[PDB]
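Here's the structure we're looking at; comments come further down.
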Amino acid sequence: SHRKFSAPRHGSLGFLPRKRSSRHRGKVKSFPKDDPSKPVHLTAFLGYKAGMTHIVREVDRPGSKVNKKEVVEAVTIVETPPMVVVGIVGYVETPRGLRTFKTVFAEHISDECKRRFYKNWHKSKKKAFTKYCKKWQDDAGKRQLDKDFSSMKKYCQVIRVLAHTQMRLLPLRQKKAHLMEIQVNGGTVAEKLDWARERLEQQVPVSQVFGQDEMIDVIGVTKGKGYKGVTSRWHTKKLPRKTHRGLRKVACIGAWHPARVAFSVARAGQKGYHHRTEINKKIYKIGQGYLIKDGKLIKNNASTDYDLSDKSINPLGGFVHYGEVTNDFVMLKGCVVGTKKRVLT
Amino acid sequence: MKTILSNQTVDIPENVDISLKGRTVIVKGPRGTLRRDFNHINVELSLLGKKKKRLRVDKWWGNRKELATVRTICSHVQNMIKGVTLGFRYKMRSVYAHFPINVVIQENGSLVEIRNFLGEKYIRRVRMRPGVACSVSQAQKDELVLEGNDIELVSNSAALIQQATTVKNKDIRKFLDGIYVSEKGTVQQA
Amino acid sequence: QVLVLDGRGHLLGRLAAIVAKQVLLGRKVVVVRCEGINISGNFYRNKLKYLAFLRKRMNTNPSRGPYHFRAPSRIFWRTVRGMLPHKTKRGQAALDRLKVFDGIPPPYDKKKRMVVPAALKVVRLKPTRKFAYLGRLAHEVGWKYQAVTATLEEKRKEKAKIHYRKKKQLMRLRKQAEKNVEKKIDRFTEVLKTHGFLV
Amino acid sequence: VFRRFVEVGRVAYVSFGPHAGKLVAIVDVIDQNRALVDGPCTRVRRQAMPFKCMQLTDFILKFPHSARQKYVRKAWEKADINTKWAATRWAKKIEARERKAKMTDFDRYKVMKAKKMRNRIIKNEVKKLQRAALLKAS
RNA sequence: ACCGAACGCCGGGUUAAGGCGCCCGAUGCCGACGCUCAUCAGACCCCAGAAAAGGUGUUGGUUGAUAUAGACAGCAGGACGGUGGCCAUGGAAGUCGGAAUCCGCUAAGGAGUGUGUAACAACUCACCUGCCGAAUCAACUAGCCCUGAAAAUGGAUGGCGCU
RNA sequence: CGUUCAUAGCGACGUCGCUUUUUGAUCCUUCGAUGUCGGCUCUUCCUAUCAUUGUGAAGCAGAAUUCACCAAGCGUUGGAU
RNA sequence: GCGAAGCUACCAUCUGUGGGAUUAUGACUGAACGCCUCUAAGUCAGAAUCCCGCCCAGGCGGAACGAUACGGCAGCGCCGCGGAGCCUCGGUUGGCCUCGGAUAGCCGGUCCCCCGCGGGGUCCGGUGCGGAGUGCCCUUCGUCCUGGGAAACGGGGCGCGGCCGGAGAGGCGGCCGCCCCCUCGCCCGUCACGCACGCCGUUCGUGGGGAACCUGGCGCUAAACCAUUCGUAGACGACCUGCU
Ligand SMILES: [Mg+2]
Ligand SMILES: [Mg+2]
Ligand SMILES: [Mg+2]
Ligand SMILES: [Mg+2]
Ligand SMILES: [Mg+2]
Ligand SMILES: [Mg+2]
Ligand SMILES: [Mg+2]
Ligand SMILES: [Mg+2]
Ligand SMILES: [Mg+2]
């Protein structure tokens, strides 16, 4: 028979195999569409969630009940020290898909970066790219390098740049800079690829990629919550006190006759640590890091035109379970997926 | 049953020249070219005569629905000729009981904004089928003129602005509002 | 030893039939430019008929289910596999001889590629009937790589034009060369036209 | 954009059937898809024959729509159809296709030798023509 | 449990009933004549599925008509007088209804098809012309197709598919 | 019937159907036992559509509204006995 | 009592998207049916539908790039050319390509005109049951001798160096220098080659695919796992990190 009293279903199927993510670092599953017209630039960057705080601001949406009223507002800080572009990488369009084509790397690559090409740096002789960077200091190679580029200049449709973080600069314990491909959307493929060739071994700071008051999309892996029961996982109803075998369950799995249980029925498994792609996180601020001229310029961070104190965003006694954010940072409105120290795309 | 042959003529006049590449009548003359492919109709377009004076459309072994194209092709060819020679001018008056229908072309005859229909804040921007050009009329007050060579493109573009101006959720017996097509004509009579 | 058929202008299940039977006799067959293949009956009709097939799926665990390929290559290969004994070893062995393609890629772009006339639209449909192009049908049903296939194939046809042009030039040279030479080859060429060539 | 038409007195080659390889001048069309046909000179009897089989020639001899065999015979022999047919490319390339089929295994060999050589004397001449066209381009 | 056919072990030949795109042995015949297109096509004893009633979808039949004495459609012109005709008054002068149901002028208009009126009025619907110019229309009937035609796990002309 | 008007909406006298969410018929299956009602929880499916999308209809002036289509995407609630 | 950290609540706070095909319907052109008609052939608008996008997962599915075991016994990667010796089998000339049309096509040549030796155009001339034809084309299938003709500078040495084109899954060609050697196709003369005595798996792709073994030349010099650690993780494994 039917269900007496309707209700919506618990959860959404459009997120599942509610499984422990395969990746740690959040993949950009789809970059935006390049056009022609507008200059080359990266489409994304890589950060580290330090923590959170309030912000106060005037708010100018006419019509509201909050118009030119101050509000408080949550933000995240994302420690986002400048990236280094190490490699480039061309993609060719095909009827199968989007085949990767021709990957150049720079002459020098930092150990920060080379770490990531080993499970175990302590043990490793550290021999990666040794026989490659030879190319960058002879005639024969340097000619092949040009042909390797000029091939991409003819064929490839999409060119992303490889970069890596500057793990060095973060308080975080790990030394293994995350690598990443980051897509260059801009002018023609040649122009694109020339821009990348200029950027090789070079810094790329946050401001170059994102601007203030700009909606971005955070991607990152959820805060992980081990195995969990159907109740905390799917937010199904707790059964009532009297319930002889368990009450944090789902009474009936399925009906009788399609006599399997379905994927659509709420079961118990991994809660959290999924891969997730949030969208529309505004950027309330992009802070310049610490630096010097004669003494420090710590002021410039948490300072405003209406505070003008000497504060850093670093709260008293450091960001908790993190450290001092000394570098430049983005201050998204709201929460972002995932936990302190997490690599946040 | 099958019918051993039906066929029909079209007197092309001396003002016009017509060709045909295969089954693809091309008509040019005063106002310009007008092509039309009839791949999809399965006929023998015999253009014949010195001075190329007439098109002729055969149809061998036609069953009822097959034969009926024969004429329709021919008819489309007249209307091609007509537009080349004369042009099409679809006049459409605006009709309203209260809110006057403010029209204003934009690019040339391409865009048509249509403000204050029924007092609606929403303005109906209506592009044309390319090849046509709307304009506003002088002499007659609430009245557009859609001039163009291709009958189809004109009429379609008319309809578009006929249909834009409909009323939702009210009784259209009563609420007789909009642009509607008053007269189908030509750009010059002869 | 290999059959390369230009899938273009065939009838989906008509060509499949021939291919199946060939493939089971041990002929390595390659079909190619499947998206050209065209299915009898009008489009809307067939889109609806694909949309049935997408409605089909195991309730409890769709993931196990009838695997609705969207790519017009696969779609052809599915309909051959419906005309094979594919659970057996011999049916799966056969199916490993069939090779199919979305458009026509490098090993067979430069191959004289056959046609089966018994599968051919221009032979088997009456000319007053409608028919889907598979390409369209795939497209609307979820296939991605239409444009990519198209835009590679423009680049194929341009390259082929050139090949053909240059062929034409050699053929013209041959014709001229025979006319230059004729008198010193007369008492061969004669014999080839007494035993039935050249005429 | 048609050229050959089923007329009274059009000559038809019979692609297949009993009387394949024979000419035949349509006397008269019985039906949508069937003609009453004759081949007086060609050794084919006054008989109905469907269109299915009779692919039709550029010739059309002239007699009346229901003739009496003598008169279509006369028409035939006047126009010398049988000569004219045999000097057509078509009938020549039938004969050609007949003569390759007749080829004895000895003749086959002979031919093979001949063409082996006859191709060689062209291929060199083609080479030259190519070499000379390259010199003009330079 | 139907249809064929009834069994020792085998070689060759032939059959029945059913078959012969491919799964699958056999049409890989230049097989023949039609009909038919379905945004729910159809596709073979038992059998596993539909009806009444519709359809200018098409294809056949049957019977009547029409008509150069000038048609058929298409637009154009008139549609009256005896007459508020009789019954009915609640008002029916053609027009809620009902018995009537003829004559004049007629070229021709019904004691009137509707629309509308308290009731009229007004509008509307034959006979003939002009442009026009040869064929055209009605009623039945039956074949395929469609409408009629709604159920629950995803789904079954056996499947793929087939025009 | 609906001022009038058969068919906006209805529909007698008659008649043809579909459906198995009613109940009957029936007794094929199970009596070396298929846990016998509700409610609770959870999923999914159907459409014969209450609502929402886009639409045709009216005895639709607007407002409210019935009648019908495409349509099962999303919903369809808290309590007294 | 009050409570850091942590978990955690519409009991706090943040985020939640764009296309395409079209359905019903309304239409355009427009015949059938001299008029009329959304429909027949053709064209349009069109939606909580449908399919895709974003989003999640990622195939007994692929990719590009890195590093590739100095050694104390090592062991391998290329290159070219040799000897045996298991195993796995199929095969038993090639075809190196226009696009497409079908109530139409194919090729020439432009005298003439436009565009970037080509492309497009018109005009003319040829074919068209297709001979510039897959009914096709290419290729030959015994070996050698010498001693004439027709044909003749062609072929080779896994001959050697340069310049190209090819990215869809390139995997293949092409064109240019120099060294040495030869006289091959077509007709004939002129002999000879175990002629194994009528009789089967012959004839090739083939130096085939895989595995173990003997030679030269030039190159190489590891990561992974465990243990240890971490807590962005965790039932256990797994994961994320650290360690001259
Ligand atoms: Mg319910
Ligand atoms: Mg208990
Ligand atoms: Mg009444
Ligand atoms: Mg049980
Ligand atoms: Mg319904
Ligand atoms: Mg209303
Ligand atoms: Mg749309
Ligand atoms: Mg419609
Ligand atoms: Mg549309």
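Following the order of the structure tokens, first chain is A, next is B, and so on, with residues numbered from 1 inside each chain and ligands from 1 in the order they appear.
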
Determine, counting only C-alpha atoms (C1' of nucleotides), which protein, DNA and RNA residues have an atom within 8 Å of an atom of residue 139 in chain C; residues of the same chain fewer than 5 positions away are not included. Present the result as a tab-separated table (two decimals) with C-alpha atoms, in the first residue's frame.
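Here's the written file result_4.tsv:
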chain	number	residue	atom	x	y	z
C	70	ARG	CA	25.34	7.55	-25.91
C	144	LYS	CA	29.19	15.04	-26.09
C	146	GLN	CA	29.60	15.90	-31.82

- Residues of chain C within 8 Å of chain E, using only C-alpha atoms (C1' of nucleotides), as a PyMOL selection string? chain C and resi 13-14+16-18+20-21+40-41+44-45+55-60+79-85+125+129

- Write down as a PyMOL selection string the residues belonging to chain D that are assigned alpha helix (DSSP H) by DSSP computed on the backbone. chain D and resi 70-79+81-86+89-102+105-137

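Proximity ranking of G:37, G:49, G:139, G:98 relative to chain D places G:139 first, based on only C-alpha atoms (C1' of nucleotides).
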
Spatial neighbours of residue 89 in chain G, max dist 12 Å, only C-alpha atoms (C1' of nucleotides), sep filter under 6 positions, as a PDB file with C-alpha atoms (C1' of nucleotides), in the first residue's frame:
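Result written to out_36.pdb:
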ATOM      1  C1'   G G 208      56.196 -13.678 -36.551  1.00  0.00           C
ATOM      2  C1'   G G 209      54.110 -13.267 -30.372  1.00  0.00           C
ATOM      3  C1'   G G 210      56.038 -15.013 -25.627  1.00  0.00           C
TER       4        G G 210
END

- Separation of CA of residue 75 in chain D from CA of residue 5 in chain D, in Å and rounded to one decimal: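 CA of residue 75 in chain D sits 18.7 Å away from CA of residue 5 in chain D.
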
- Considering only C-alpha atoms (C1' of nucleotides), state which residue in the set A:266, A:169, A:343, A:104 is at the smallest distance from chain F.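 Of the candidates, the smallest distance to chain F is held by A:266.
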
- Secondary structure check, strand (DSSP E or B) residues of range 106-172 of chain A, as a PyMOL selection string: chain A and resi 158-164

- Considering only C-alpha atoms (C1' of nucleotides), return as a list in words whatever protein or nucleic-acid residues lie within 7 Å of residue 213 in chain A, sequence-local ones (same chain, fewer than 6 positions apart) excluded. residues 282, 283 and 284 of chain A

Residue selection dump (N, CA and C atoms) as a PDB file, in the first residue's frame:
ATOM      1  N   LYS A 282      31.920  35.039  -1.773  1.00  0.00           N
ATOM      2  CA  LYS A 282      32.417  36.382  -2.092  1.00  0.00           C
ATOM      3  C   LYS A 282      33.821  36.561  -1.533  1.00  0.00           C
ATOM      4  N   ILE A 283      34.510  37.622  -1.918  1.00  0.00           N
ATOM      5  CA  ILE A 283      35.802  37.919  -1.313  1.00  0.00           C
ATOM      6  C   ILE A 283      35.736  39.283  -0.676  1.00  0.00           C
ATOM      7  N   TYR A 284      35.524  39.282   0.625  1.00  0.00           N
ATOM      8  CA  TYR A 284      35.438  40.514   1.366  1.00  0.00           C
ATOM      9  C   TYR A 284      36.769  41.266   1.455  1.00  0.00           C
TER      10      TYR A 284
END

- Quote the spacing between CA of residue 131 in chain C and CA of residue 50 in chain C in Å to one decimal place.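 CA of residue 131 in chain C sits 14.1 Å away from CA of residue 50 in chain C.
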
- Task: Point out the residue among A:223, A:168, A:296, A:9 with the least atom-to-atom distance to chain F, counting only C-alpha atoms (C1' of nucleotides).
- Result: A:9

- Query: Taking only C-alpha atoms into account, which residues of chain B are within 12 Å of chain C, as a count of residues only?
  - Reply: 10

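Any residue of chain D with an atom within 8 Å of chain C counts; using only C-alpha atoms, that gives residues 89, 92, 93, 95, 96, 97, 98, 99, 100, 101, 103, 107, 111, 114, 115, 117, 118, 121, 122, 123, 125, 126, 129 and 130 of chain D.
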
- Query: Residues at most 12 Å from residue 159 in chain C, counting only C-alpha atoms (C1' of nucleotides), excluding those fewer than 6 positions away in the same chain, as a VMD selection string?
  - Reply: (chain C and resid 109 to 110 152 to 153 165 to 166) or (chain G and resid 97 to 99 165 to 166)

With 12 Å as the cut-off and only C-alpha atoms (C1' of nucleotides) counted, what is the closest atom pair between each nearby residue of chain F and chain B? Distances in Å to one decimal, ordered by chain and number, as a Markdown table.
| residue | atom | partner | partner_atom | distance |
| --- | --- | --- | --- | --- |
| F:54 | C1' | B:168 | CA | 11.4 |
| F:55 | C1' | B:168 | CA | 10.5 |
| F:56 | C1' | B:169 | CA | 11.9 |
| F:57 | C1' | B:171 | CA | 10.8 |
| F:58 | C1' | B:171 | CA | 10.0 |
| F:60 | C1' | B:171 | CA | 5.5 |
| F:61 | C1' | B:174 | CA | 7.2 |
| F:62 | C1' | B:170 | CA | 8.7 |
| F:63 | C1' | B:170 | CA | 11.2 |

Dump N, CA and C atoms (P, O5', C5', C4', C3', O3' and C1' of nucleotides) for the selected residues as a PDB file, in the first residue's frame?
ATOM      1  P     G F  54       3.762  29.634 -16.183  1.00  0.00           P
ATOM      2  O5'   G F  54       3.474  28.957 -17.594  1.00  0.00           O
ATOM      3  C5'   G F  54       4.544  28.847 -18.549  1.00  0.00           C
ATOM      4  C4'   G F  54       4.173  27.911 -19.668  1.00  0.00           C
ATOM      5  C3'   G F  54       2.849  28.182 -20.348  1.00  0.00           C
ATOM      6  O3'   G F  54       2.945  29.240 -21.275  1.00  0.00           O
ATOM      7  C1'   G F  54       3.065  25.879 -19.989  1.00  0.00           C
ATOM      8  P     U F  55       1.714  30.224 -21.470  1.00  0.00           P
ATOM      9  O5'   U F  55       0.815  29.455 -22.535  1.00  0.00           O
ATOM     10  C5'   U F  55      -0.560  29.145 -22.269  1.00  0.00           C
ATOM     11  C4'   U F  55      -0.906  27.845 -22.934  1.00  0.00           C
ATOM     12  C3'   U F  55      -2.361  27.660 -23.318  1.00  0.00           C
ATOM     13  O3'   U F  55      -2.698  28.253 -24.566  1.00  0.00           O
ATOM     14  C1'   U F  55      -1.604  25.730 -22.206  1.00  0.00           C
ATOM     15  P     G F  56      -3.764  29.450 -24.637  1.00  0.00           P
ATOM     16  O5'   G F  56      -4.744  28.998 -25.801  1.00  0.00           O
ATOM     17  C5'   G F  56      -6.154  28.840 -25.576  1.00  0.00           C
ATOM     18  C4'   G F  56      -6.579  27.501 -26.107  1.00  0.00           C
ATOM     19  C3'   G F  56      -8.023  27.143 -25.838  1.00  0.00           C
ATOM     20  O3'   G F  56      -8.813  27.540 -26.947  1.00  0.00           O
ATOM     21  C1'   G F  56      -6.668  25.505 -24.873  1.00  0.00           C
ATOM     22  P     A F  57      -9.886  28.715 -26.807  1.00  0.00           P
ATOM     23  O5'   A F  57     -11.164  27.982 -26.168  1.00  0.00           O
ATOM     24  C5'   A F  57     -11.026  26.779 -25.348  1.00  0.00           C
ATOM     25  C4'   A F  57     -12.271  26.405 -24.568  1.00  0.00           C
ATOM     26  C3'   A F  57     -13.196  27.559 -24.255  1.00  0.00           C
ATOM     27  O3'   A F  57     -13.993  27.740 -25.417  1.00  0.00           O
ATOM     28  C1'   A F  57     -12.789  26.332 -22.244  1.00  0.00           C
ATOM     29  P     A F  58     -14.938  29.002 -25.505  1.00  0.00           P
ATOM     30  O5'   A F  58     -15.983  28.733 -24.335  1.00  0.00           O
ATOM     31  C5'   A F  58     -16.742  29.799 -23.762  1.00  0.00           C
ATOM     32  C4'   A F  58     -17.485  29.326 -22.539  1.00  0.00           C
ATOM     33  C3'   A F  58     -17.995  30.456 -21.649  1.00  0.00           C
ATOM     34  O3'   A F  58     -19.314  30.852 -22.048  1.00  0.00           O
ATOM     35  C1'   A F  58     -16.689  28.930 -20.368  1.00  0.00           C
ATOM     36  P     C F  60     -19.239  31.842 -16.551  1.00  0.00           P
ATOM     37  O5'   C F  60     -18.130  32.980 -16.561  1.00  0.00           O
ATOM     38  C5'   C F  60     -17.733  33.600 -17.793  1.00  0.00           C
ATOM     39  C4'   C F  60     -16.326  34.108 -17.643  1.00  0.00           C
ATOM     40  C3'   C F  60     -15.996  35.406 -18.343  1.00  0.00           C
ATOM     41  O3'   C F  60     -16.527  36.489 -17.602  1.00  0.00           O
ATOM     42  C1'   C F  60     -14.208  33.884 -18.592  1.00  0.00           C
ATOM     43  P     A F  61     -17.776  37.313 -18.164  1.00  0.00           P
ATOM     44  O5'   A F  61     -17.153  38.757 -18.412  1.00  0.00           O
ATOM     45  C5'   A F  61     -16.103  38.952 -19.374  1.00  0.00           C
ATOM     46  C4'   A F  61     -15.273  40.144 -18.990  1.00  0.00           C
ATOM     47  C3'   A F  61     -14.365  39.942 -17.789  1.00  0.00           C
ATOM     48  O3'   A F  61     -13.163  39.310 -18.179  1.00  0.00           O
ATOM     49  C1'   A F  61     -15.514  41.975 -17.546  1.00  0.00           C
ATOM     50  P     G F  62     -12.301  38.553 -17.090  1.00  0.00           P
ATOM     51  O5'   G F  62     -11.896  39.710 -16.083  1.00  0.00           O
ATOM     52  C5'   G F  62     -10.546  40.126 -15.928  1.00  0.00           C
ATOM     53  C4'   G F  62     -10.467  41.004 -14.723  1.00  0.00           C
ATOM     54  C3'   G F  62     -10.335  40.236 -13.436  1.00  0.00           C
ATOM     55  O3'   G F  62      -8.998  39.825 -13.272  1.00  0.00           O
ATOM     56  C1'   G F  62     -12.035  41.821 -13.182  1.00  0.00           C
ATOM     57  P     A F  63      -8.688  38.287 -13.047  1.00  0.00           P
ATOM     58  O5'   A F  63      -9.041  38.061 -11.505  1.00  0.00           O
ATOM     59  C5'   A F  63      -8.588  38.952 -10.462  1.00  0.00           C
ATOM     60  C4'   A F  63      -9.517  38.903  -9.268  1.00  0.00           C
ATOM     61  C3'   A F  63      -9.975  37.529  -8.788  1.00  0.00           C
ATOM     62  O3'   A F  63      -9.019  36.861  -7.977  1.00  0.00           O
ATOM     63  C1'   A F  63     -11.843  38.932  -8.927  1.00  0.00           C
TER      64        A F  63
END
